[PDB]
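This report refers to the structure that appears directly beneath it.
Counting starts at 1 for both ligands and their atoms, in listed order. To find a chain, count down the sequence lines: A is the first, B the second, and so on, and within it residues start at 1.
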Amino acid sequence: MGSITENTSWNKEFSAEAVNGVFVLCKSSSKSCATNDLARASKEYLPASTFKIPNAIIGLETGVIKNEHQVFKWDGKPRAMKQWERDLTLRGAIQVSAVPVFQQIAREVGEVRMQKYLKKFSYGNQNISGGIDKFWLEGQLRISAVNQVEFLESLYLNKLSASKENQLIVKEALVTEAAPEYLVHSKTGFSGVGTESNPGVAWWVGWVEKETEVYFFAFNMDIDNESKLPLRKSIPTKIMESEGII
Amino acid sequence: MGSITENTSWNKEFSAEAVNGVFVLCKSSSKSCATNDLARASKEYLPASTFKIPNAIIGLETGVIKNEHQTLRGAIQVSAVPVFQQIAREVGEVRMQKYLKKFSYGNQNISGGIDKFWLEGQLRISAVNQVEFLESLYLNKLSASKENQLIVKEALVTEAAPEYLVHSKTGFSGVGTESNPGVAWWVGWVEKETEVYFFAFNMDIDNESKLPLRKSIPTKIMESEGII
Ligand SMILES: *C(=O)[C@](NC(=O)[C@H](C(=O)O)c1ccc(O)cc1)(OC)[C@@H]1N=C(C(=O)O)C(=C)CO1
Ligand SMILES: *C(=O)[C@](NC(=O)[C@H](C(=O)O)c1ccc(O)cc1)(OC)[C@@H]1N=C(C(=O)O)C(=C)CO1
């Protein structure tokens, strides 16, 4: 990505909560990014829900998802989470990480096309093995904070191998905070509580569009208890708040 | 839209603030609308700042505007009036006039200065015409590229929530004259779950202190309706 510099100051936010994780921030572009840990910044973790971003783009590119206004009909059958038991729009499905909607999209896309696009997007290790509808939920797919940032930058610039149209559609679906001075696009992820001495990973990736400047970020941390999720946003938020970004 | 129904009960929020104005709320699924006053819903007023929406679309379509990053959202949000007066100048009266006709925007009267006709000129548009215009935008049905309509749609985002996204733009023609108060606007649409709500609000105004009401009143109505 060119270069990545360490920023020891941000570490306090991690120690305070006794959290092991990383934060990567890049101003203007991925040419110059700062982080609190050079090693972890490029370490690859299961993307979990953050994979819904590329999954949505591929869905539109392949025609599997007709257009930005397609409704994902609930068939009445029981779903893992109550917030998924109802019809959903693309933005709706992304915001609540509606697994079954994205699993149906993945199956329709198929393994050959999914592989092809992850290669075009240089998405992490590009490993989709272990089942077309769950590789990003419990498979071998892995991606780093640095790679996430590069991927989001391409999206922001409409440089991914997809129509500008489809890229714009997904970007609007990722808006999570709007303010007169800045628009925030982001996506959270959580692999789970993990196994015996093998914690899961929690994510928060996205970018902030200001008046004349854009900031790209990616955050991930280890986690063994779901009651820790709040940290996934507070730490990065507290940091970006410190930089005057948000 | 498909139909409109008058509901005088909303006048509640209007009397409370002692304000003369109208609110138009349309449900996309049922294609039906509701308003506290049918007559004023069709009354056409100066679009003011709300004109930036069609303005921005025309600017991109005519190439006068680089791209969403040129940023456009900054141009529509972080004031800078001269910025859009620039775009209008470059667009020209011939093209500008052509797009408003394609858009079926108000009375399509752009006389009195190609760079201020929407601020003090003869251009007039009703609340109903605003929601119809915004619906065409939402459906990418305006005579412009989908890409440009999408760019403008995101630039107009003013509130994001897990369950909904609000797109909107305010308007203000000034305190006006004596028995001729100015007009304040708040138009936009809300994407709430799988439903879409288009809205248009305007009120007579002679004091900038009451300016906050253009958002305040419509917001209370959409809350009581469980929109936002
Ligand atoms: C996305 O990250 C999320 N969870 C998972 O993808 C994850 C998995 O299967 O890998 C999971 C699934 C079910 C569980 O009971 C626990 C973990 O949903 C697709 C979602 N994202 C969250 C987040 O904000 O990070 C959540 C708190 C809940 O899961
Ligand atoms: C419209 O947005 C604009 N500005 C205002 O109306 C602004 C406001 O209400 O927020 C305001 C209010 C009271 C004041 O005394 C001064 C300003 O007015 C038309 C203006 N118009 C633009 C345009 O392109 O039409 C702009 C780019 C900037 O804002």
Side-chain angles (χ1 to χ4, degrees), chain A residues 45-53 55 79-84 93-103 106 130-131 133-139 141-142 176 180 186-194 200-205 219-221 223-233 236, chain B residues 46-56 58-59 65 72-89 91 115-121 123 155-156 158 162 168-175 182-187 205 207-215:
Chain A
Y45 296 93
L46 175 86
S49 295
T50 72
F51 182 73
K52 267 81 179 178
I53 297 176
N55 182 309
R79 284 183 174 183
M81 291 188 208
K82 272 198 185 304
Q83 64 196 319
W84 305 342
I94 293 168
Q95 297 299 305
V96 303
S97 298
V99 171
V101 173
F102 291 100
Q103 287 178 305
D133 63 359
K134 64 186 181 182
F135 62 89
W136 77 91
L137 300 175
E138 61 170 280
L141 185 54
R142 300 283 185 281
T176 50
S186 64
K187 185 75 193 80
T188 51
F190 170 50
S191 68
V193 305
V201 61
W203 291 95
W204 197 37
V205 309
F219 166 99
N220 67 56
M221 60 179 265
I223 174 176
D224 55 37
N225 191 298
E226 206 165 3
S227 67
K228 308 293 184 54
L229 275 311
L231 295 172
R232 172 269 305 303
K233 282 183 179 173
Chain B
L46 217 205
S49 298
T50 71
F51 181 72
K52 280 203 289 184
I53 297 174
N55 208 184
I58 299 167
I65 297 178
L72 182 58
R73 179 169 190 288
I76 303 180
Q77 288 298 279
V78 186
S79 55
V81 188
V83 178
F84 277 92
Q85 295 181 297
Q86 176 65 63
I87 304 169
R89 282 195 281 281
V91 165
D115 73 314
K116 61 172 59 181
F117 63 74
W118 70 90
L119 301 177
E120 56 174 359
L123 182 59
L156 289 170
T158 56
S168 66
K169 187 64 198 64
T170 65
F172 179 48
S173 66
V175 297
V183 64
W185 285 98
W186 197 39
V187 302
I205 178 168
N207 184 35
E208 302 198 10
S209 82
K210 305 297 179 177
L211 204 47
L213 293 182
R214 63 185 172 177
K215 287 187 184 180

*Where on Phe51(B) is there a heavy atom closer than 4.0 Å to ligand 2, on the side chain, on the backbone, on both, or on neither?*
neither

*Is there at least one pair of N or O atoms, one from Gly189(A) and one from ligand 1, spaced under 3.5 Å apart?*
yes

_List ligand 1 atoms under 4.0 Å from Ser97(A), heavy atoms only on the residue side._
18 (O), 19 (C)

_Please check whether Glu226(A) reaches ligand 1 - meaning an N/O of the residue sits under 3.5 Å from an N/O of the ligand, judged on distance alone._
no

*For ligand 1, is there an N or O atom under 3.5 Å from any N or O atom of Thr50(A)?*
no

_If you define the side chain from C-beta out and look only at heavy atoms, does anything of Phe102(A) sit under 4.5 Å from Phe51(A)?_
no

*asked:* For the CH2 atom of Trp204(A) and the CG atom of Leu229(A), what is their distance to the nearest 0.5 Å?
replied: 13.5 Å

*Of all the heavy atoms in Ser191(A), does at least one lie under 4.0 Å from an atom in ligand 1?*
yes

_Quick check on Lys134(A) - does any of its heavy atoms sit under 4.0 Å from an atom of ligand 1?_
no

*Under a 4.5 Å cut-off applied to non-hydrogen side-chain atoms, are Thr50(A) and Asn220(A) in contact?*
no

*Only heavy atoms count here, so choose which of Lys169(B), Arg214(B), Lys52(B) is nearest to atom 24 (O) of ligand 2.*
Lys52(B)

*asked:* Could you identify the single nearest non-hydrogen protein atom to atom 7 (C) of ligand 1 and state the distance to 0.1 Å?
replied: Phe190(A) O, 2.9 Å

*asked:* For a 4.5 angstrom cut-off between non-hydrogen side-chain atoms, does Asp115(B) reach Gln86(B)?
replied: no

*With heavy atoms under 4.0 Å as the rule, classify the contact between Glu138(A) and ligand 1 as side chain, backbone, both or neither.*
neither

*With side-chain contact (heavy atoms from CB on, under 4.5 Å) as the test, would you mind laying out the steps for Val183(B) and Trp185(B) before giving the verdict?*
CA-CA 7 Å; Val183(B) 64; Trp185(B) 285 98; 4.2 Å; yes

_Distance alone, cut at 3.5 Å: any donor-acceptor contact between the side chains of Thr158(B) and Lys169(B)?_
no

*Numbering the atoms of ligand 2 from 1, which are under 4.0 Å from a heavy atom of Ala75(B)?*
27 (C)

*Run the numbers for me: atoms of ligand 2, each under 4.0 Å from some heavy atom of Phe84(B), listed by number.*
24 (O), 27 (C)

*Give the minimum heavy-atom separation between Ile65(B) and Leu72(B), together with the two atoms involved.*
CD1-CD1, 4.5 Å

*Can you list the ligand 2 atoms lying under 4.0 Å from a non-hydrogen atom of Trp118(B)?*
25 (O)

*What are the atoms of ligand 1, with element, lying closer than 4.0 Å to any heavy atom of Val99(A)?*
19 (C)

*What do you think, any protein heavy atom under 4.0 angstrom from atom 26 (C) of ligand 2?*
yes

_Nearest non-hydrogen protein atom, atom 8 (C) of ligand 1_ = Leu137(A) O, 3.6 Å

*For atom 19 (C) of ligand 2, is the nearest protein heavy atom under 4.0 Å away?*
yes

_Quick check: do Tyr45(A) and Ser191(A) have side-chain heavy atoms less than 4.5 Å from each other?_
no

*Any side-chain heavy atom of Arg79(A) sitting closer than 4.5 Å to one from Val101(A)?*
yes

*asked:* Below 4.0 angstrom, counting only protein heavy atoms, does anything approach atom 12 (C) of ligand 1?
replied: no

_Heavy-atom side-chain contact between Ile223(A) and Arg232(A) under 4.5 Å_ = no

*Identify the protein heavy atom lying closest to atom 15 (O) of ligand 1, giving its residue, its atom name and the separation to 0.1 Å.*
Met81(A) CE, 4.7 Å

*Give the residue and atom name of whichever protein heavy atom lies nearest to atom 3 (C) of ligand 1, and the separation in Å to one decimal.*
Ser49(A) OG, 2.5 Å

*Does the side chain of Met221(A) come within less than 4.5 Å of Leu231(A)'s, by heavy atoms?*
yes

*Between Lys52(B) and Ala75(B), is there a donor-acceptor pair closer than 3.5 Å when you use the side chain of the first and the backbone of the second?*
yes

